[PDB]
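Printed here is start16.cif (mmCIF, C-alpha atoms and all ligand atoms):
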```
data_my_file
loop_
_atom_site.label_atom_id
_atom_site.label_comp_id
_atom_site.auth_asym_id
_atom_site.auth_seq_id
_atom_site.Cartn_x
_atom_site.Cartn_y
_atom_site.Cartn_z
CA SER H 1 -13.24 -6.59 5.74
CA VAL H 2 -13.09 -3.95 2.99
CA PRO H 3 -9.93 -2.05 1.94
CA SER H 4 -10.19 1.73 1.77
CA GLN H 5 -10.32 3.36 -1.67
CA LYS H 6 -10.03 6.97 -0.52
CA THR H 7 -7.61 9.03 -2.58
CA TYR H 8 -4.78 10.24 -0.35
CA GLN H 9 -1.76 12.09 -1.72
CA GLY H 10 0.03 12.07 1.63
CA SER H 11 3.25 13.84 2.54
CA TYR H 12 4.98 12.96 -0.75
CA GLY H 13 2.19 14.10 -3.10
CA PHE H 14 1.60 10.59 -4.45
CA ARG H 15 -0.68 10.09 -7.46
CA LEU H 16 -0.98 7.92 -10.56
CA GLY H 17 -0.62 8.82 -14.22
CA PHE H 18 -1.66 7.10 -17.44
CA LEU H 19 -0.51 7.25 -21.05
CA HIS H 20 -2.71 8.63 -23.83
CA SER H 21 -3.15 5.54 -25.99
CA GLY H 22 -6.33 6.42 -27.89
CA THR H 23 -9.34 4.29 -28.76
CA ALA H 24 -8.39 2.56 -32.01
CA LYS H 25 -9.75 -0.96 -32.50
CA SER H 26 -6.20 -2.33 -32.18
CA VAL H 27 -5.33 -0.68 -28.84
CA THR H 28 -4.46 -3.13 -26.06
CA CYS H 29 -4.66 -0.81 -23.03
CA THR H 30 -6.32 2.59 -22.78
CA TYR H 31 -7.29 4.86 -19.90
CA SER H 32 -10.40 7.06 -19.69
CA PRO H 33 -9.93 10.14 -17.47
CA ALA H 34 -13.65 10.95 -17.65
CA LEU H 35 -14.54 7.50 -16.25
CA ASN H 36 -11.34 7.01 -14.17
CA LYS H 37 -11.27 3.61 -15.82
CA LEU H 38 -8.58 1.51 -17.50
CA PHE H 39 -9.65 -0.79 -20.35
CA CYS H 40 -7.25 -3.58 -21.25
CA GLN H 41 -6.89 -6.91 -23.02
CA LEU H 42 -6.21 -10.13 -21.14
CA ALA H 43 -2.60 -10.49 -19.91
CA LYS H 44 -1.38 -7.42 -21.84
CA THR H 45 0.99 -4.76 -20.51
CA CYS H 46 -0.75 -1.97 -18.56
CA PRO H 47 1.68 0.91 -17.87
CA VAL H 48 0.84 2.84 -14.70
CA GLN H 49 2.87 5.92 -13.81
CA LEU H 50 3.77 6.84 -10.23
CA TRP H 51 4.27 10.55 -9.49
CA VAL H 52 5.44 12.24 -6.29
CA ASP H 53 6.34 15.82 -5.40
CA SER H 54 9.14 14.74 -3.05
CA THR H 55 11.27 11.63 -2.68
CA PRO H 56 10.00 8.97 -0.22
CA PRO H 57 12.41 7.13 2.12
CA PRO H 58 14.41 4.03 1.17
CA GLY H 59 12.27 0.95 1.75
CA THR H 60 9.05 2.52 0.49
CA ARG H 61 6.96 0.07 -1.55
CA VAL H 62 3.99 0.20 -3.95
CA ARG H 63 1.15 -2.34 -3.63
CA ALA H 64 -1.70 -3.16 -6.04
CA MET H 65 -4.94 -4.88 -4.98
CA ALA H 66 -8.29 -5.42 -6.72
CA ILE H 67 -11.69 -5.12 -5.04
CA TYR H 68 -15.21 -5.35 -6.42
CA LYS H 69 -16.63 -1.88 -7.06
CA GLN H 70 -20.25 -2.66 -6.14
CA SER H 71 -20.91 -2.52 -2.40
CA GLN H 72 -22.88 -5.79 -2.34
CA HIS H 73 -19.78 -7.65 -3.63
CA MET H 74 -17.00 -5.70 -1.91
CA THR H 75 -16.39 -8.31 0.82
CA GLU H 76 -15.70 -11.03 -1.79
CA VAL H 77 -12.04 -11.61 -2.65
CA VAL H 78 -11.27 -10.80 -6.29
CA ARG H 79 -9.54 -13.85 -7.75
CA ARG H 80 -8.99 -15.65 -11.03
CA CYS H 81 -11.81 -17.86 -12.30
CA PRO H 82 -11.85 -21.68 -12.05
CA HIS H 83 -10.49 -21.99 -15.60
CA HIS H 84 -7.68 -19.44 -15.47
CA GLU H 85 -6.41 -20.47 -12.03
CA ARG H 86 -5.74 -23.92 -13.57
CA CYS H 87 -4.30 -22.97 -16.97
CA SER H 88 -0.62 -23.25 -15.89
CA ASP H 89 0.35 -19.81 -17.23
CA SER H 90 2.58 -19.04 -14.24
CA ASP H 91 5.53 -16.69 -14.64
CA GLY H 92 7.39 -18.52 -11.86
CA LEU H 93 6.50 -15.92 -9.21
CA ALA H 94 2.80 -15.00 -9.25
CA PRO H 95 0.48 -17.57 -7.64
CA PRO H 96 -1.95 -18.90 -10.27
CA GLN H 97 -4.94 -17.51 -8.31
CA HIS H 98 -3.81 -13.85 -8.45
CA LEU H 99 -5.57 -11.55 -10.91
CA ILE H 100 -2.91 -8.79 -10.90
CA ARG H 101 0.71 -9.48 -11.81
CA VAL H 102 3.68 -7.16 -12.14
CA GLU H 103 5.62 -7.69 -15.35
CA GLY H 104 9.40 -7.67 -15.51
CA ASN H 105 10.31 -7.09 -11.85
CA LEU H 106 12.10 -9.93 -10.07
CA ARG H 107 11.60 -8.10 -6.74
CA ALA H 108 7.80 -8.31 -6.91
CA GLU H 109 6.23 -10.06 -3.92
CA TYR H 110 2.79 -11.67 -3.93
CA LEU H 111 0.78 -11.68 -0.70
CA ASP H 112 -2.12 -13.91 0.33
CA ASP H 113 -3.36 -12.01 3.37
CA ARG H 114 -3.58 -14.44 6.25
CA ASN H 115 -6.56 -12.60 7.80
CA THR H 116 -8.58 -11.24 4.85
CA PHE H 117 -7.44 -13.79 2.21
CA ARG H 118 -7.09 -10.94 -0.30
CA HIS H 119 -4.35 -10.98 -2.92
CA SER H 120 -1.91 -8.21 -3.68
CA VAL H 121 1.41 -7.63 -5.42
CA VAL H 122 4.02 -5.26 -4.02
CA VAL H 123 7.30 -3.91 -5.44
CA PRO H 124 10.05 -1.67 -4.06
CA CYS H 125 9.50 2.00 -4.92
CA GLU H 126 12.47 3.02 -7.23
CA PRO H 127 13.28 6.49 -8.56
CA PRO H 128 12.86 7.28 -12.27
CA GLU H 129 15.57 6.57 -14.78
CA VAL H 130 17.74 9.57 -15.62
CA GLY H 131 15.72 11.73 -18.00
CA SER H 132 12.32 10.63 -16.69
CA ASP H 133 10.01 12.52 -14.33
CA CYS H 134 8.03 9.50 -13.08
CA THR H 135 8.36 5.78 -12.51
CA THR H 136 6.29 3.27 -14.47
CA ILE H 137 5.04 -0.11 -13.24
CA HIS H 138 3.79 -2.62 -15.81
CA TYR H 139 0.75 -4.59 -14.61
CA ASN H 140 -1.05 -7.55 -16.20
CA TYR H 141 -4.67 -8.57 -15.53
CA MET H 142 -5.06 -12.32 -15.83
CA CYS H 143 -8.84 -12.82 -16.27
CA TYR H 144 -11.53 -11.13 -18.32
CA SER H 145 -14.13 -9.08 -16.47
CA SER H 146 -16.64 -11.55 -17.97
CA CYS H 147 -14.98 -14.76 -16.69
CA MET H 148 -17.67 -17.05 -15.31
CA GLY H 149 -17.03 -18.24 -11.77
CA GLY H 150 -14.62 -15.33 -11.30
CA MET H 151 -15.34 -11.64 -11.83
CA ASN H 152 -18.48 -12.72 -13.72
CA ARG H 153 -19.12 -9.29 -15.32
CA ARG H 154 -18.76 -7.43 -12.01
CA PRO H 155 -16.68 -4.23 -12.23
CA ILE H 156 -13.50 -4.02 -10.16
CA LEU H 157 -11.26 -1.26 -8.87
CA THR H 158 -7.50 -1.44 -8.56
CA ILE H 159 -6.18 0.29 -5.43
CA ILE H 160 -2.54 1.42 -5.54
CA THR H 161 -1.00 2.15 -2.14
CA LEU H 162 2.34 3.74 -1.34
CA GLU H 163 3.57 2.09 1.86
CA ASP H 164 6.47 2.38 4.27
CA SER H 165 8.73 -0.57 5.11
CA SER H 166 6.24 -1.81 7.76
CA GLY H 167 3.30 -1.58 5.38
CA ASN H 168 1.86 1.62 6.85
CA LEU H 169 -0.04 3.90 4.49
CA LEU H 170 1.82 6.78 2.82
CA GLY H 171 -0.49 7.43 -0.15
CA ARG H 172 -3.37 5.92 -2.08
CA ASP H 173 -4.96 6.19 -5.53
CA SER H 174 -7.33 3.98 -7.51
CA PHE H 175 -9.00 3.35 -10.86
CA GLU H 176 -11.73 1.12 -12.26
CA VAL H 177 -10.63 -1.70 -14.60
CA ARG H 178 -12.42 -3.56 -17.38
CA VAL H 179 -10.55 -6.48 -18.92
CA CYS H 180 -12.08 -7.08 -22.32
CA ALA H 181 -11.43 -8.13 -25.90
CA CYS H 182 -11.75 -4.64 -27.46
CA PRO H 183 -10.73 -1.91 -24.99
CA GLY H 184 -10.83 0.87 -27.60
CA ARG H 185 -14.42 0.22 -28.62
CA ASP H 186 -15.54 -0.32 -25.02
CA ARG H 187 -13.92 2.94 -23.90
CA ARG H 188 -15.65 4.81 -26.72
CA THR H 189 -19.00 3.19 -25.86
CA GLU H 190 -18.82 3.94 -22.14
CA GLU H 191 -17.65 7.52 -22.69
CA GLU H 192 -20.56 8.14 -25.05
CA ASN H 193 -22.97 6.60 -22.53
CA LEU H 194 -21.61 8.94 -19.85
CA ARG H 195 -21.97 11.99 -22.09
CA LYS H 196 -25.55 10.94 -22.90
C1 LIG E 1 9.93 13.97 -7.51
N1 LIG E 1 9.50 13.74 -8.92
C2 LIG E 1 9.69 14.99 -9.70
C3 LIG E 1 10.31 12.64 -9.52
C4 LIG E 1 10.00 11.30 -8.96
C5 LIG E 1 8.87 10.62 -9.38
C6 LIG E 1 8.55 9.36 -8.88
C7 LIG E 1 9.42 8.82 -7.93
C8 LIG E 1 10.57 9.47 -7.48
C9 LIG E 1 10.86 10.73 -8.01
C10 LIG E 1 11.22 8.63 -6.53
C11 LIG E 1 12.39 8.76 -5.76
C12 LIG E 1 12.76 7.72 -4.90
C13 LIG E 1 11.97 6.58 -4.80
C14 LIG E 1 10.81 6.44 -5.56
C15 LIG E 1 10.45 7.48 -6.41
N2 LIG E 1 9.38 7.62 -7.27
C16 LIG E 1 8.32 6.65 -7.47
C17 LIG E 1 7.10 6.97 -6.65
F1 LIG E 1 6.37 7.99 -7.16
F2 LIG E 1 7.44 7.29 -5.39
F3 LIG E 1 6.29 5.89 -6.59
ZN ZN E 2 -10.70 -16.17 -16.11
#
```

Using structure tokens, write down the structure that the file contains.
Amino acid sequence: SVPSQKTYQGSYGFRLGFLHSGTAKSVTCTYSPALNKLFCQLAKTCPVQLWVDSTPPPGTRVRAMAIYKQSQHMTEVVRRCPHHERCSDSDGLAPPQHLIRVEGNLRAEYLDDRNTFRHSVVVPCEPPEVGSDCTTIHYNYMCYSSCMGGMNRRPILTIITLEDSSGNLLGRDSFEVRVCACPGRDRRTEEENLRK
């Protein structure tokens, strides 16, 4: 009733990477290593790098799923709020209830789990372009952390799983997410709180 969040590099040495975008007022997505937390604006591009030490088999896929971080909410499905699920902002592929979308990948598949009712989005795992050492997926988060009737100020984690063609686990990584109006200021504030 609760997906695992344990970091697991697996046989291929799977792990995530993030750009260094800074904390300027104007930044739209920024990652804090000290907090293991991504701060982003609503529906803006969030680049997430995928790194491996060795090449996984054809048919490997990469899935993203959100869960609530606090244990007393972790059995509740993370979904879009009653306003955003009805705002008709579909991209033609993502169900309107799903918080996490993949941008610019026509092979993305969206799952409503028939047993847990949790949402996820999965894409085929492709090698880097020539000249690149990693692959990048572009995610969008489609509600604010503050949305009433949805996340309602509760922190979430995103769990990224590397899976075989049957859906079996090959690797796992995760990060906290805050979707907010001013990610640069919020990252600075939370990093200073941590240091204090
Ligand atoms: C092995 N390093 C140095 C390069 C590298 C980095 C990421 C790579 C690959 C290769 C690669 C090859 C085939 C299929 C998917 C691949 N990916 C994405 C994945 F990390 F697995 F999510
Ligand atoms: Zn919302």

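Distances from H:154, H:186, H:143, H:171 to residue 71 (chain H) were compared using all atoms listed in the file, and the smallest one belongs to H:154.
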
| Which residue of H:127, H:150, H:183, H:96 approaches ligand LIG 1 (chain E) most closely, using all atoms listed in the file | H:127

| message | Hey, which residues sit close to ligand ZN 2 (chain E)? Say within 8 Å, counting only C-alpha atoms and all ligand atoms, and write them as a VMD selection string. | response | chain H and resid 80 to 85 142 to 151

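When all atoms listed in the file are used to compute distances to ligand LIG 1 (chain E), the closest of the residues H:138, H:188, H:6, H:15 turns out to be H:15.
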
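Atom pair CA of residue 57 (chain H) / atom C11 of ligand LIG 1 (chain E): separated by 8.0 Å.
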
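Nearest-residue note for ligand LIG 1 (chain E): choosing from H:25, H:172, H:79, H:114, the minimum distance belongs to H:172, counting all atoms listed in the file.
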
| said: Please find the residues contacting ligand LIG 1 (chain E) at a distance of at most 8 Å between atoms, with only C-alpha atoms and all ligand atoms counted, and report them as a VMD selection string. | reply: chain H and resid 12 14 to 15 49 to 58 60 to 62 125 to 128 132 to 135 162

| task | In the coordinates of the file, take the point (-4.4, -1.8, 1.2) and a cut-off of 12 Å; then, counting only C-alpha atoms, name each qualifying protein, DNA or RNA residue as number ranges by chain. | result | H: 1-7, 61-67, 111, 113, 116, 118-122, 158-163, 167-174

Output the selection as a PDB file, in the frame of the given file - C-alpha atoms for each residue.
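The resulting file, result_2.pdb, is shown below:
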```
ATOM      1  CA  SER H   1     -13.240  -6.590   5.740  1.00  0.00           C
ATOM      2  CA  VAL H   2     -13.090  -3.950   2.990  1.00  0.00           C
ATOM      3  CA  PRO H   3      -9.930  -2.050   1.940  1.00  0.00           C
ATOM      4  CA  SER H   4     -10.190   1.730   1.770  1.00  0.00           C
ATOM      5  CA  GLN H   5     -10.320   3.360  -1.670  1.00  0.00           C
ATOM      6  CA  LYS H   6     -10.030   6.970  -0.520  1.00  0.00           C
ATOM      7  CA  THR H   7      -7.610   9.030  -2.580  1.00  0.00           C
ATOM      8  CA  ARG H  61       6.960   0.070  -1.550  1.00  0.00           C
ATOM      9  CA  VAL H  62       3.990   0.200  -3.950  1.00  0.00           C
ATOM     10  CA  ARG H  63       1.150  -2.340  -3.630  1.00  0.00           C
ATOM     11  CA  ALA H  64      -1.700  -3.160  -6.040  1.00  0.00           C
ATOM     12  CA  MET H  65      -4.940  -4.880  -4.980  1.00  0.00           C
ATOM     13  CA  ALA H  66      -8.290  -5.420  -6.720  1.00  0.00           C
ATOM     14  CA  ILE H  67     -11.690  -5.120  -5.040  1.00  0.00           C
ATOM     15  CA  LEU H 111       0.780 -11.680  -0.700  1.00  0.00           C
ATOM     16  CA  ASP H 113      -3.360 -12.010   3.370  1.00  0.00           C
ATOM     17  CA  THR H 116      -8.580 -11.240   4.850  1.00  0.00           C
ATOM     18  CA  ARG H 118      -7.090 -10.940  -0.300  1.00  0.00           C
ATOM     19  CA  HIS H 119      -4.350 -10.980  -2.920  1.00  0.00           C
ATOM     20  CA  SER H 120      -1.910  -8.210  -3.680  1.00  0.00           C
ATOM     21  CA  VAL H 121       1.410  -7.630  -5.420  1.00  0.00           C
ATOM     22  CA  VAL H 122       4.020  -5.260  -4.020  1.00  0.00           C
ATOM     23  CA  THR H 158      -7.500  -1.440  -8.560  1.00  0.00           C
ATOM     24  CA  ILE H 159      -6.180   0.290  -5.430  1.00  0.00           C
ATOM     25  CA  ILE H 160      -2.540   1.420  -5.540  1.00  0.00           C
ATOM     26  CA  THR H 161      -1.000   2.150  -2.140  1.00  0.00           C
ATOM     27  CA  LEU H 162       2.340   3.740  -1.340  1.00  0.00           C
ATOM     28  CA  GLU H 163       3.570   2.090   1.860  1.00  0.00           C
ATOM     29  CA  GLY H 167       3.300  -1.580   5.380  1.00  0.00           C
ATOM     30  CA  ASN H 168       1.860   1.620   6.850  1.00  0.00           C
ATOM     31  CA  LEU H 169      -0.040   3.900   4.490  1.00  0.00           C
ATOM     32  CA  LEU H 170       1.820   6.780   2.820  1.00  0.00           C
ATOM     33  CA  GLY H 171      -0.490   7.430  -0.150  1.00  0.00           C
ATOM     34  CA  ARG H 172      -3.370   5.920  -2.080  1.00  0.00           C
ATOM     35  CA  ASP H 173      -4.960   6.190  -5.530  1.00  0.00           C
ATOM     36  CA  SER H 174      -7.330   3.980  -7.510  1.00  0.00           C
TER      37      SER H 174
END
```

| query | Hey, can you check how far CA of residue 48 (chain H) sits from CA of residue 86 (chain H)? | reply | 27.6 Å

| Using only C-alpha atoms, which of H:123, H:179, H:94, H:156 sits nearest residue 69 (chain H)? | H:156

| request: Would you please work out which residue, of H:8, H:107, H:35, H:47, is nearest to residue 20 (chain H) when using all atoms listed in the file? | output: H:47

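Note that the spacing between CA of residue 155 (chain H) and CA of residue 39 (chain H) amounts to 11.3 Å.
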
Repair of region 77-99 of chain H at the level of N, CA, C and O atoms, as a JSON list (two decimals), keeping the file's coordinate frame:
```json
[["chain", "number", "residue", "atom", "x", "y", "z"],
["H", 77, "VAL", "N", -13.39, -11.73, -2.12],
["H", 77, "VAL", "CA", -12.04, -11.61, -2.65],
["H", 77, "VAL", "C", -12.08, -11.69, -4.17],
["H", 77, "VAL", "O", -12.69, -12.61, -4.74],
["H", 78, "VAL", "N", -11.42, -10.74, -4.83],
["H", 78, "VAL", "CA", -11.27, -10.80, -6.29],
["H", 78, "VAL", "C", -10.17, -11.80, -6.61],
["H", 78, "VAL", "O", -9.03, -11.66, -6.14],
["H", 79, "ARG", "N", -10.50, -12.82, -7.40],
["H", 79, "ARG", "CA", -9.54, -13.85, -7.75],
["H", 79, "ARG", "C", -9.77, -14.30, -9.18],
["H", 79, "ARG", "O", -10.79, -13.99, -9.80],
["H", 80, "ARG", "N", -8.80, -15.06, -9.71],
["H", 80, "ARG", "CA", -8.99, -15.65, -11.03],
["H", 80, "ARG", "C", -10.06, -16.74, -10.99],
["H", 80, "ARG", "O", -10.29, -17.39, -9.96],
["H", 81, "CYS", "N", -10.68, -16.95, -12.15],
["H", 81, "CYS", "CA", -11.81, -17.86, -12.30],
["H", 81, "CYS", "C", -11.33, -19.31, -12.26],
["H", 81, "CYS", "O", -10.13, -19.60, -12.29],
["H", 82, "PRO", "N", -12.26, -20.27, -12.18],
["H", 82, "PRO", "CA", -11.85, -21.68, -12.05],
["H", 82, "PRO", "C", -11.08, -22.20, -13.25],
["H", 82, "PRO", "O", -10.32, -23.15, -13.11],
["H", 83, "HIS", "N", -11.28, -21.61, -14.44],
["H", 83, "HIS", "CA", -10.49, -21.99, -15.60],
["H", 83, "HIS", "C", -9.09, -21.40, -15.53],
["H", 83, "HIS", "O", -8.09, -22.12, -15.64],
["H", 84, "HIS", "N", -8.99, -20.07, -15.36],
["H", 84, "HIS", "CA", -7.68, -19.44, -15.47],
["H", 84, "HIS", "C", -6.76, -19.80, -14.31],
["H", 84, "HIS", "O", -5.54, -19.85, -14.50],
["H", 85, "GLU", "N", -7.30, -20.07, -13.12],
["H", 85, "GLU", "CA", -6.41, -20.47, -12.03],
["H", 85, "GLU", "C", -5.74, -21.81, -12.30],
["H", 85, "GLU", "O", -4.75, -22.14, -11.64],
["H", 86, "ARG", "N", -6.26, -22.59, -13.26],
["H", 86, "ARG", "CA", -5.74, -23.92, -13.57],
["H", 86, "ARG", "C", -5.05, -24.00, -14.93],
["H", 86, "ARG", "O", -4.74, -25.11, -15.38],
["H", 87, "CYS", "N", -4.81, -22.88, -15.61],
["H", 87, "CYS", "CA", -4.30, -22.97, -16.97],
["H", 87, "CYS", "C", -2.77, -22.98, -17.05],
["H", 87, "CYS", "O", -2.22, -22.95, -18.16],
["H", 88, "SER", "N", -2.07, -23.03, -15.91],
["H", 88, "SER", "CA", -0.62, -23.25, -15.89],
["H", 88, "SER", "C", 0.14, -22.19, -16.68],
["H", 88, "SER", "O", 1.11, -22.48, -17.38],
["H", 89, "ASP", "N", -0.31, -20.93, -16.58],
["H", 89, "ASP", "CA", 0.35, -19.81, -17.23],
["H", 89, "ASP", "C", 1.25, -19.03, -16.27],
["H", 89, "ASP", "O", 1.49, -17.83, -16.48],
["H", 90, "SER", "N", 1.76, -19.69, -15.24],
["H", 90, "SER", "CA", 2.58, -19.04, -14.24],
["H", 90, "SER", "C", 3.83, -18.43, -14.86],
["H", 90, "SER", "O", 4.39, -18.94, -15.83],
["H", 91, "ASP", "N", 4.27, -17.31, -14.28],
["H", 91, "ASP", "CA", 5.53, -16.69, -14.64],
["H", 91, "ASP", "C", 6.66, -17.10, -13.70],
["H", 91, "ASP", "O", 7.75, -16.52, -13.76],
["H", 92, "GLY", "N", 6.42, -18.09, -12.84],
["H", 92, "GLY", "CA", 7.39, -18.52, -11.86],
["H", 92, "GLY", "C", 7.36, -17.77, -10.54],
["H", 92, "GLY", "O", 8.09, -18.14, -9.62],
["H", 93, "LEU", "N", 6.53, -16.74, -10.42],
["H", 93, "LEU", "CA", 6.50, -15.92, -9.21],
["H", 93, "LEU", "C", 5.07, -15.67, -8.73],
["H", 93, "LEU", "O", 4.76, -15.83, -7.55],
["H", 94, "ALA", "N", 4.18, -15.27, -9.64],
["H", 94, "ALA", "CA", 2.80, -15.00, -9.25],
["H", 94, "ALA", "C", 2.06, -16.31, -8.96],
["H", 94, "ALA", "O", 2.12, -17.24, -9.77],
["H", 95, "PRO", "N", 1.35, -16.41, -7.84],
["H", 95, "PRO", "CA", 0.48, -17.57, -7.64],
["H", 95, "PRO", "C", -0.58, -17.61, -8.72],
["H", 95, "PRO", "O", -1.04, -16.56, -9.19],
["H", 96, "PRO", "N", -0.98, -18.80, -9.16],
["H", 96, "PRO", "CA", -1.95, -18.90, -10.27],
["H", 96, "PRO", "C", -3.32, -18.31, -9.96],
["H", 96, "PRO", "O", -4.07, -18.04, -10.91],
["H", 97, "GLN", "N", -3.66, -18.10, -8.69],
["H", 97, "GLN", "CA", -4.94, -17.51, -8.31],
["H", 97, "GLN", "C", -4.98, -15.99, -8.44],
["H", 97, "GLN", "O", -6.08, -15.42, -8.47],
["H", 98, "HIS", "N", -3.83, -15.32, -8.49],
["H", 98, "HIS", "CA", -3.81, -13.85, -8.45],
["H", 98, "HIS", "C", -4.21, -13.22, -9.77],
["H", 98, "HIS", "O", -3.64, -13.52, -10.82],
["H", 99, "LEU", "N", -5.15, -12.26, -9.71],
["H", 99, "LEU", "CA", -5.57, -11.55, -10.91],
["H", 99, "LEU", "C", -4.49, -10.59, -11.41],
["H", 99, "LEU", "O", -4.26, -10.50, -12.62]]
```
